[PDB]
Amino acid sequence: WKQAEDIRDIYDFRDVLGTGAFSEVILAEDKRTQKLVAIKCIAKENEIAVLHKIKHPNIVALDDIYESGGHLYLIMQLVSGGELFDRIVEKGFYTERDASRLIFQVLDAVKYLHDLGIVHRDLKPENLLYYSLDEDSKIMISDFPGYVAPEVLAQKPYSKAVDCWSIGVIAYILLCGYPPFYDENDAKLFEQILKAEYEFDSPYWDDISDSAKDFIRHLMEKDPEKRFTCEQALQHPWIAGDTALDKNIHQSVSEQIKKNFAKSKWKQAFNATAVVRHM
């Protein structure tokens, strides 16, 4: 931990990244290189030391660590592309290939974690942020209901296989815009979930490839042992192959996302403008 008399000796603070979760992260400029960075102040060790060495293209890195006063300052890798949903909703052209490249990157990052012994456990659409505002931008896993694995809910010993269910869920949403499990009152929803009751609904899933449906089923498998490992999912023709279609499914997906994942801009927002403004 590089000691520092004051973190401000090293970085010039700008604005916070957004609201909710994002208000805990400070955008700042590296005085020396003028490089823009995200900074989380952990008031005050091994977890952090572990994180420090987790290196993957699609996970948000912890570049450096500085200790100043009674706090730990985690200099994080900065992303400026904003939230997954925000971007897709404003895409205009979205297809199965786009969804598959997204799922791929997530599996690529997650398998990386599993090999590293780590299990995410809390993997959902909110944790995915576009590296940048570029169209070819890669999706990144930031932090480190229907999303949470069945065996978890059932209070059974979780496995690394929990992450793979979550990914199947995400894949589902990326192909239709609505969650695969929903019901008025929780109790009725929870049985649907704990029993893996879901469907590639008639209107919505009319132009989705059977392959995608198959890929999903195997991840969204109630039986943990019958469930695709991150490696198997990566071997599936939808991911490693050429089965993903390039038909624009933006309309239904976009339409469903707005109805299903609506929330205030003051709730838990990533102020992409603040980054690009100082970019």
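All residue numbers refer to positions in the sequence shown, first residue = 1.
The gap between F144 and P145 holds 10 or more unmodelled residues of the deposited sequence. Unmodelled deposited residues between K44 and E45: 10 or more, per the record. In this crystal structure, the stretch out of 132-140 and 175-183 whose C-alpha atoms carry the higher mean B factor is 175-183. With 165-173 and 148-156 compared on mean CA B-factor from the PDB entry, the stretch scoring higher is 148-156. Per the deposited record, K53 carries the highest C-alpha B-factor of all listed residues (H250, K53, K213, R32).
Residues shown: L194, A109, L74, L102. Highest C-alpha temperature factor in the entry: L194. In the deposited entry, the Cα temperature factor of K124 sits in the middle third of values across the chain's modelled residues. Sort the chain's modelled residues by C-alpha temperature factor and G241 lands in the highest third, per the entry. Among all modelled residues in this chain, the alpha-carbon of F93 has a temperature factor (C-alpha) in the middle third. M220 sits in the middle third of its chain by CA B factor, as recorded in the PDB entry. Among the modelled residues of its chain, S68 has a C-alpha B-factor that falls in the highest third, as given in the PDB entry.
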